[PDB]
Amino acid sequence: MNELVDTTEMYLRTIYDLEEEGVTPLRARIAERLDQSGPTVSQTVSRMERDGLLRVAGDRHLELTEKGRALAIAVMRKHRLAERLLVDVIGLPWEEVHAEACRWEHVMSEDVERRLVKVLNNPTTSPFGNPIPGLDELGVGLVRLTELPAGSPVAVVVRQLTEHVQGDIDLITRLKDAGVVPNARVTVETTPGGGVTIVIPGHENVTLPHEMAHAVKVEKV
């Protein structure tokens, strides 16, 4: 059928994910993350620009238009409501719902959404801690590991694991094994290479590269 299921939507959500991670939305990013060639992401963006879903600014960063953002949210909303349903009701293992939802997010009707809201008791986040956007236009409804000073370790409590980390399954798995998940006290220390090392009381240590770090939100506590 199609790897991504829906190219445009996956481009939009990748744009969004990058913003959520606090990194500059460049075309080069999309290529890395969706594993497509440079020429491809460029030609694809065009079609998208030509359809008023986004604009390539002066510095070349991607800017979502009024329309483009509305949709991007829409997809992200379904995505997370799905991960909820998969973990809570369906009972699918944690380190597997993201990849499943990354597909469902492109077919869930807006109706099934609403009904899922009522069946999960007006949830507000995903099994990974990220908030469910666009909940009201549907009809209802803290730092980043990179923003942590180096030097001496720090005690914090894991609050969010944005989609990007959810991507590397090998890692999202290790993190579960070492308990690094929402509402989990743990200490982190800035590595030499802009990275971050997580010290979990009881389990082996786990180090995240600068990029992966941009995708973990914690609370200084």
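Throughout, we count residues from 1 along the sequence that is shown.
A chain break between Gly141 and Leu142 is present, corresponding to 4 to 9 residues of the deposited sequence without coordinates. Comparing the deposited coordinates for 70-78 and 116-124, the stretch with the larger average C-alpha B-factor is 116-124. Note on 183-191 vs 27-35: mean CA B-factor is higher in 183-191. Comparing the listed residues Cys102, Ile90, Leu148, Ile132, the entry records the largest Cα B-factor for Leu148.
Set against one another, the Cα B-factors of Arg47, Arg174, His164, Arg55 in the record reach their highest point at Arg174. Per the deposited record, the Cα B-factor of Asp51 falls in the lowest third when ranked against the other modelled residues of its chain. Placement of the Cα temperature factor of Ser152 within the chain: highest third of the modelled residues, per the deposited record. In the PDB entry, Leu64 places in the middle third of its chain by CA B-factor. Among all modelled residues in this chain, the alpha-carbon of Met10 has a temperature factor (C-alpha) in the middle third. Annotation for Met1: C-alpha temperature factor in the highest third relative to the rest of the modelled chain, per the entry.
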